[PDB]
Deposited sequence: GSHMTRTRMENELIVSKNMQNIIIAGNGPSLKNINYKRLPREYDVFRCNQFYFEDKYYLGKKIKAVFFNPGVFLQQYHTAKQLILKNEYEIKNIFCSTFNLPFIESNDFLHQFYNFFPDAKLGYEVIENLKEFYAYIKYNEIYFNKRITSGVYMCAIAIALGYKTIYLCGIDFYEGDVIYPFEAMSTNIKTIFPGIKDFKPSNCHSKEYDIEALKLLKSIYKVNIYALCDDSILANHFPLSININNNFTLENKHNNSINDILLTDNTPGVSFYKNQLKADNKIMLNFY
């Protein structure tokens, strides 16, 4: 069904990495390269239009809601709303972020999914750098930056960013009840990825704060057909049924927190 391993050919090393910020709807489609893969994260399906098309090379989800996101992704595929080749769980392999049970049982529950830390741990210098900042200074990169690192470790050489700026009703039912991230840390981490691994990073949204830090991609007069989402499109994270498997999973997660 989906990819065993995500292999990047030296003939196509372009990747579009998108967050879910406002600028996602303000993409300058003329600046996109003619060839590219797309990385989406978290609640990307909440989008009312296919701002980056229906074919996603990889999606990224946080461990806290992986159970529901994994299920939501399967359904997005089954309902033909998106084509998803890979599903990653954005991880750092740190015991105070991901419990041992979670990491150790990950593949038992999600055999075709992938733990992100096994990919970024290869960026030895960058990896040691984010763990040092996390552990001793409480600084953590956001999903967009995490995806950039993943793209770099995988072999992409040119990155185009959008949606990086600086509904949850089902989330409210999932989590009954109501400072490590920062614009500066994100930028610094992005600049480090650039200088260490020699890759290019462009912005795609003309009026984004992001554009003040990275050069907007060249307007090569590219075109794009913006397709609107269907009426009954999944627009919120899916809830899970209390089956024996789900109750076992949730019971164990709750304990570890």
- Query: Numbering the deposited sequence from 1, which residue ranges have no coordinates here?
  - Reply: 1-7, 174-184, 197-202, 282-288
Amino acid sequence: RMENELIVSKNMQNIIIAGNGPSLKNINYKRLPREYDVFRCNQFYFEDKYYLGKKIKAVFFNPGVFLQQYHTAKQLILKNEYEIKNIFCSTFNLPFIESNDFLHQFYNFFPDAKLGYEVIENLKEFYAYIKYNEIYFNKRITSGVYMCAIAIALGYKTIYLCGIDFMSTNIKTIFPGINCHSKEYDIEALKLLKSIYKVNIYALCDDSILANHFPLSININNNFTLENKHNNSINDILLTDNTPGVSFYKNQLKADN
From here on, numbers count along this sequence of modelled residues.
- Query: If you average the Cα B factors in the entry, which is higher, 168-176 or 96-104?
  - Reply: 168-176
- Segment of higher mean CA temperature factor, 7-15 or 239-247: 7-15
- Given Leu216, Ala189, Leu67, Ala58, the residue at which the Cα B factor reaches its maximum: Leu216
- Message: When the deposited Cα B-factors of this chain's modelled residues are ordered and cut into thirds, is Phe44 in the lowest, the middle or the highest one?
- Response: middle
- Note on the structure: Of the three thirds of Cα B-factor ranks in this chain, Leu193 occupies the middle
- Note on the structure: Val38: CA B-factor among chain residues, third -> lowest
- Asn62, C-alpha B-factor rank within chain (lowest, middle or highest third): lowest
